[PDB]
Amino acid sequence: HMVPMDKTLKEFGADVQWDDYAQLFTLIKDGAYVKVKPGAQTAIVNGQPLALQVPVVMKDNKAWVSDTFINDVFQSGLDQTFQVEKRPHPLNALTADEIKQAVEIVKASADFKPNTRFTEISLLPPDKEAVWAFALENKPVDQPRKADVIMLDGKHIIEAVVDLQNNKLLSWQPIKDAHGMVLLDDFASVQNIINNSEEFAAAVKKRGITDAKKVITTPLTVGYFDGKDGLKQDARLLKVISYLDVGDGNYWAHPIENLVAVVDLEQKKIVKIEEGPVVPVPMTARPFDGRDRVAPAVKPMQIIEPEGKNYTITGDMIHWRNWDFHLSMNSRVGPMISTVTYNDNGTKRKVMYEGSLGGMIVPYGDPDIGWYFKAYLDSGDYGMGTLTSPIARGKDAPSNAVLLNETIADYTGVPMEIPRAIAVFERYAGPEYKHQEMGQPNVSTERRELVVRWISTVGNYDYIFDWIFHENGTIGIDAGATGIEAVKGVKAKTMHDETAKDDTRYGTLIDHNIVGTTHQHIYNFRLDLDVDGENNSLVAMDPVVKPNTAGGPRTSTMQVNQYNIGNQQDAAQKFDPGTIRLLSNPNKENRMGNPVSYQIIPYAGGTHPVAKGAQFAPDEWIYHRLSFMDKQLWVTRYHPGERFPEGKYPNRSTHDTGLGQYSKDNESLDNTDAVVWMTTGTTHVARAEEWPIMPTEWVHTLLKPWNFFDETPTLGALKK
């Protein structure tokens, strides 16, 4: 029984190329590079021959394969990219079965109710010392596996801990005052509640909208204003902004300006409609999907690895050159990079226990009724892992990437497999080093980087995060932003109209009747670096110009002021990119007697203007609630429950329960387990080039080995 080759291979997600001159198919998926000729008894997979019982059959210019071809070829074993894990790593995420088990254990208590949802079901952090002992010594972890299960019972948060080995509930703790994140069903509830409101339909009608069934809602968290917003603190509320669907696939281009509904999600009712002046809806079609555009005819470019990859993925463990690390997915913050070591001539040296996104915020700058409260805490309030955007193969990542599927719990407690959740890819990155000595043979080597890429979309914006492993020990973390801008409906068509100056006070006029309201993008990364060990110190090195006291003609010299930063409050600081900040191991030295260190660079560049802090006065509630926005470098003492720069429950928070709190007390940062937090931000002033869709803009951060090694790390293995 035969199937059409071209169609079957495309369903499966393989690239299929036919070469009529060579009479050769080239088939590519992930780590498999396959060559096969019609009628041939053998195919080639990653340079190795594979017998085929049934050859590819060509027949009236149409290829047909066996029913078993895809499994015979792609799952043969000749693609060595993925390997089976011997003993399960203790940081492996919860499996589908473990998720279902956690949900049965809590559903077996008297307290569970059928409206009860799950904000997060995740592995409970096992003991760090034990996890490192498993990674470095293969010591089994004796403590049993547990899950944190965070429930939303109507509006109340409850934290449960389940023991998975012994199948029992270990704790069940109500968290008073905490509001829950926004859950997927809240999007539909809001849209339904608005569709059923007579009051809302009348409001919409007086702003020009004839058909209220064409109104698209979007849910926003309301923040906290100590009652100036007129919103009761006890209630589960969301604000709702509206747009008109005109059939262009881009409702974001048709704001219904100055109409905000406040929805109570327990009562399932609109509890308040805020109405400002009437601004006609911008109606012109502004598709971003190409429906109105001519297709480009570009010549092909492929990045090919025809003998397979240089990395191996064993369960969730990635091995690549001198690097080893574990890669898992969390529903709130997305990818977690753990137990990162560097193999230095046979000895695995610790670099990082856990790194991930801490949290992020996109706060707006306009005081009007549709805007004043508007701030996306994308991970904390919406769940960025849950909103992972599957990688578009060859576009969102290069043609030579491997795309990983990842499993998390949805809000009803059912496993969901996110397809193409993460891309892994090696890339050429210019020369690693070069020296052309005059009159001698050249010396050049190529640089290779391993990239781990993940994309999450929250409403209008799409965020790309790259964790970049350099062969030489450097680690990069880059954050990219694309998607559709949040825009304000205005009366001005051009800057010559009467209202233009007022309409553009808080943002640029980027289309007729459309203003891209000014805002910031602020990302924070939590990096539990363990620089060649647990016990580290924060060291400052400030390059300075000093008077020359040594004689000769110079008046000045270049020197460095070096000092330790021994307490947390002083560690929380602005980053001057002219200075050097190290996390050093004062217990271990390189061959020159210098403490082995990593240099921390929270700002290594970007393509939008940089935020030097929060673009808010210090008496703003958002400023008070979210200290992480205003400093670029923080260092705190390791604590397994201090994970989020915005705090665990940021929705309508009244005070800072994140980095403001974690860095508040002054215990010592001297020779102890430190956690580094980097904040990097931009100030986004809009331009017409960014509308109707924004070209990807990037910010860059770096961690560089600083006397961690004894010489150029990529020179190669010593032959004597």
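We number the residues from 1 along the sequence you see.
Q: Which is higher on mean Cα B factor in this entry, 274-282 or 460-468?
A: Comparing 460-468 with 274-282, the higher average CA B-factor belongs to 274-282.
Q: Comparing 673-681 with 52-60, which stretch shows the greater average C-alpha B-factor in the deposited entry?
A: The deposited B-factors put 52-60 ahead on the C-alpha mean.
Q: If I read the C-alpha B-factors straight from the PDB entry, which of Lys664, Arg687, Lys37, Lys29 is highest?
A: Max CA B-factor in the entry, restricted to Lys664, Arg687, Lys37, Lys29: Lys664.
Q: For the listed residues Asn536, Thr549, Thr81, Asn513, which one has the largest C-alpha B-factor as given in the deposited model?
A: Among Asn536, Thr549, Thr81, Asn513, the PDB entry lists the largest C-alpha B-factor for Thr549.
Q: Could you tell me which third, lowest, middle or highest, the C-alpha B-factor of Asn567 occupies within its chain?
A: Tercile = highest for this residue's CA B-factor.
Q: Please say which third, lowest, middle or highest, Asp15 falls into when its CA temperature factor is compared across its chain.
A: Its C-alpha B-factor belongs to the middle third of this chain's values.
Q: Please place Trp172 in the lowest, middle or highest third of its chain according to the CA B-factor in the PDB entry.
A: Ranked within chain, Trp172 CA B lands in the highest tercile.
Q: According to the PDB entry, is the CA B factor of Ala604 in the bottom, middle or top third of its chain, that is, lowest, middle or highest?
A: Tercile = lowest for this residue's CA B-factor.
Q: Compare the C-alpha B factor of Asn46 with those of the other modelled residues in its chain, then answer lowest, middle or highest third.
A: Tercile = lowest for this residue's CA B-factor.
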